[PDB]
Participant: 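One structure coming up, written as structure tokens, with questions to follow.
Lettering follows sequence order; numbering is per chain, from 1. Excluded from the calculations below are hydrogen atoms, water molecules and symmetry mates; all remaining heavy atoms, backbone and side chain alike, are included. Indexing begins at 1, ligand by ligand and atom by atom, following the structure's order.
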2 protein chains.
Amino acid sequence: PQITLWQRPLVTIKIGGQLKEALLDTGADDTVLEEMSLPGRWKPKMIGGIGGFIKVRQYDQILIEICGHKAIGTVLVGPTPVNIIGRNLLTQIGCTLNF
Amino acid sequence: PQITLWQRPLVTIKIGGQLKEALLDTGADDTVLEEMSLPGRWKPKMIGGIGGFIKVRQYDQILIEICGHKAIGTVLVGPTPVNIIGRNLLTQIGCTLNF
Ligand SMILES: COC(=O)N[C@H](C(=O)NN(Cc1ccc(-c2ccccn2)cc1)C[C@@](O)(Cc1ccccc1)C(=O)N[C@H]1c2ccccc2C[C@H]1O)C(C)(C)C
């Protein structure tokens with residue numbers, strides 16, 4: 001589909017058996033979701049945005065579905081104010097910027 | 001053009017007769033640039049990101065070129081880690097997300 005940017009590009013994602021709303025963010029290196037439980041091992045990581053850094057848990061090889069498109073990748077979990085889908089997963093669903 | 005997301009979508013912009021590198025950020029509502037000088041009076045604004053909020057200076061009706069596409073709009077200036085082109089200007093250049 002073609003998503004305009006008049007409003008924030010929010011979409012529904014399916015992860016860990018849960019349905020969440022997330023922001024398609026081309027300015028995000030990684031994908032970070034609000035506090036939730038995920039299977040497997042994890043490693044701590046510090047990620048920085050405007051305002052500074054926050055500590056998150058890093059889970060690798062996590063299955064996720066965005067707008068019907070299945071993908072696998074690293075998912076960070078921590079105190080983010082909004083669910084963000086970053087470039088690591090946007091590439092997998094074939095998302096591109098056009099103008 | 002069509003920009004993939006395997007790497008950061010960094011582009012060249014021109015403002016105040018100077019070239020700068022900026023990030024095309026669909027997750028950003030506004031456009032914020034690193035400390036610089038701009039004409040006219042500015043208004044106060046607080047913008048929130050991953051690690052919190054930062055105070056910025058808001059300048060309106062500023063001429064800015066993005067990838068050669070001329071735009072005229074609001075540009076924020078403050079302690080941002082990187083130059084960010086947000087939806088206010090992405091919409092002016094006709095940028096959309098596609099997959
Ligand atoms: C590489 O780091 C990242 O990719 N960081 C990502 C990141 O923060 N990305 N970017 C730009 C941005 C880009 C780089 C840096 C940064 C900071 C320190 C060192 C190196 N880079 C900071 C902000 C900004 C993000 O879109 C992320 C975001 C989205 C939604 C809610 C909160 C935060 C954002 O900050 N959006 C806000 C913004 C930006 C400019 C003007 C107004 C506004 C309002 C908001 O729209 C992250 C943490 C999701 C994975």
Participant: Between ligand 1 and A:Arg87, can you find any atom pair, the residue atom being a heavy atom, that is separated by under 4.0 Å?
Facilitator: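 Judged by the 4.0 Å heavy-atom criterion, A:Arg87 does not count as contacting ligand 1.
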Participant: Give a yes/no on ligand 1: does A:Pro81 have at least one heavy atom closer than 4.0 angstrom to it?
Facilitator: yes
Participant: Over 60° means perpendicular and under 30° means parallel, so classify the ring planes of B:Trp42 and B:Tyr59, tilted if in between.
Facilitator: tilted
Participant: Counting C-beta onward and ignoring hydrogens, is there a side-chain heavy-atom pair between B:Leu38 and B:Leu33 closer than 4.5 Å?
Facilitator: no
Participant: Under 4.0 Å from atom 20 (C) of ligand 1, is there any protein heavy atom?
Facilitator: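 Under 4.0 Å from atom 20 (C) of ligand 1, zero protein heavy atoms found.
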Participant: Have a look at ligand 1 and work out which part of A:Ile50, if any, has a heavy atom under 4.0 Å from it: side chain, backbone, both or neither.
Facilitator: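 Looking at A:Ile50 and ligand 1, atoms from backbone and side chain both fall under 4.0 Å.
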Participant: Out of all atoms in ligand 1, which are within 4.0 Å of some heavy atom of B:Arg8? Include the element for each.
Facilitator: 1 (C)
Participant: Verify, without hydrogens or angle tests, whether A:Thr31 (side chain) and A:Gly86 (backbone) share a donor-acceptor contact under 3.5 angstrom.
Facilitator: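 Here the side-chain-to-backbone pair exists.
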Participant: If we set the cut-off at 4.0 Å for heavy atoms, which region of A:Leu23 has an atom near ligand 1: side chain, backbone, both, or neither?
Facilitator: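 Side chain only.
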Participant: Would you call B:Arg8 and B:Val82 a side-chain contact if the rule is heavy atoms closer than 4.5 Å?
Facilitator: no
Participant: Testing the 3.5 Å rule here: is there a donor-acceptor pair between the side chains of B:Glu21 and B:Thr12?
Facilitator: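 A donor-acceptor contact under 3.5 Å links the two side chains.
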Participant: Among all protein heavy atoms, pick out the one at the shortest distance from atom 14 (C) of ligand 1; state its residue, atom name and that distance to 0.1 Å.
Facilitator: B:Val82 CG2, 3.9 Å
Participant: Decide yes or no for A:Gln92 and A:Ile64: does some side-chain heavy atom of the first lie under 4.5 Å from some side-chain heavy atom of the second?
Facilitator: no
Participant: Determine whether B:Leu10 and B:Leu23 make a side-chain contact, defined as any pair of heavy atoms from C-beta on separated by less than 4.5 Å.
Facilitator: yes
Participant: Measure the distance from atom 37 (C) of ligand 1 to every protein heavy atom, then report the residue, atom name and distance (to 0.1 Å) of the closest one.
Facilitator: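 Its nearest protein heavy-atom neighbour is B:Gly48 O, 3.6 Å.
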Participant: Counting heavy atoms only, which part of B:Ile84 comes closer than 4.0 Å to ligand 1: side chain, backbone, both or neither?
Facilitator: side chain
Participant: What is the closest protein heavy atom to atom 8 (O) of ligand 1, and at what distance does it sit?
Facilitator: A:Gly49 CA, 3.3 Å
Participant: Could you point out which residue of B:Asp29, B:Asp30, B:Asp25 forms a salt bridge (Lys or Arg N to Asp or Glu O under 4.0 Å) with B:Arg87?
Facilitator: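 Output: one option passes, namely B:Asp29.
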Participant: So if I count the atoms of ligand 1 from 1 in the order they appear, which ones are less than 4.0 Å from some heavy atom of B:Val32?
Facilitator: 40 (C), 41 (C)
Participant: How far is atom 1 (C) of ligand 1 from its nearest protein heavy atom, and which residue and atom name does that atom have?
Facilitator: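 Minimum-distance protein heavy atom for atom 1 (C) of ligand 1 reads A:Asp29 OD2, 3.2 Å.
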Participant: Any side-chain heavy atom of A:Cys95 within less than 4.5 Å of one from B:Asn98?
Facilitator: no
Participant: If you define the side chain from C-beta out and look only at heavy atoms, does anything of B:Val11 sit under 4.5 Å from B:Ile3?
Facilitator: yes
Participant: Note the single closest protein heavy atom to atom 50 (C) of ligand 1, along with its residue, its atom name and the distance in Å.
Facilitator: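 Protein heavy atom with the smallest distance to atom 50 (C) of ligand 1: A:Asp30 N, 3.9 Å.
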Participant: What protein heavy atom sits nearest atom 26 (O) of ligand 1, and how far off is it?
Facilitator: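 Checked against all protein heavy atoms, atom 26 (O) of ligand 1 sits closest to A:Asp25 OD2, 2.7 Å.
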Participant: To which protein heavy atom is atom 7 (C) of ligand 1 closest, and what is the distance rounded to 0.1 Å?
Facilitator: A:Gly27 O, 4.0 Å
Participant: Please work out, at 4.0 Å between heavy atoms, whether the side chain, the backbone, both, or neither of A:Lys45 comes within that distance of ligand 1.
Facilitator: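 Under 4.0 Å from ligand 1, A:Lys45 contributes no heavy atoms.
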